[PDB]
């Protein structure tokens, strides 16, 4: 629809920032795209790719998710809601994956990153899946600086939507691992104000939010509408001012605009 395009342009204009949207509708294999090939800083939406990398590694290492990881005071960063409770103990890689995905715990992300070999290994995993756009450059918390013009720790909406489709609805991961990823994302606790706030209450969503510098406010989701084929939706947003506040309402509005009529 050209109208959906115009509506997203009007949202972007009023918001004052830069908006990126990619909707994949698996009912008819259609897409709605808005700046879908521009790069945006992923912030915490990158935790999906890190958890997925660990899950993939687990296909050939059955004990892997039960492996224990020490949590030290020296591991704490700037957002540790789960890990701060396990300092001087261990958490399993399953627990760290869930903490990263469902509470956006930054220590959990750093452990997933470390375990698979660092940011270039998470990036190599993306490449293995056919995503040649995703780049994870840094660890937490610096991967969230979201400086305009900086390509580090960025991807495009089109690439992340296609990759999220492969991960949650396709066959990137084994059946057990795919189910686990989707179960984790459906249990996310951080997304109610984002894409979910622009969709009917009856719809089931598995999402991962992100936020960071320059008021960057992001969400990526797999969506099961009532009695319809699933959707993938990426909404990326960032602003001109370094200390701009988050605008989750912009993502809810984009979600509402692109699902109107379904």
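Residue numbers count along the first chain shown, from 1.
- Looking at 98-106 and 73-81 together, the entry lists the larger mean B-factor for 73-81, computed on C-alpha atoms.
- Two stretches are in play, 249-257 and 9-17, and the higher mean C-alpha B-factor belongs to 9-17.
- For the set 163, 155, 123, 92, the maximum C-alpha B-factor listed in the entry falls on 92.
- When the C-alpha B-factors of 197, 41, 220, 27 are read from the PDB record, the largest value belongs to 27.
- When the modelled residues of the chain are ordered by their C-alpha B factor, residue 171 lands in the highest third.
- Among all modelled residues in its chain, residue 130 ranks in the middle third by Cα B-factor.
- Ranked against the other modelled residues of its chain, the C-alpha B-factor of residue 115 as given in the entry falls in the middle third.
- Among the modelled residues of its chain, residue 225 has a C-alpha B-factor that falls in the highest third, as given in the PDB entry.
- In this PDB entry, residue 178 carries a Cα temperature factor that places it within the middle third of its chain's modelled residues.
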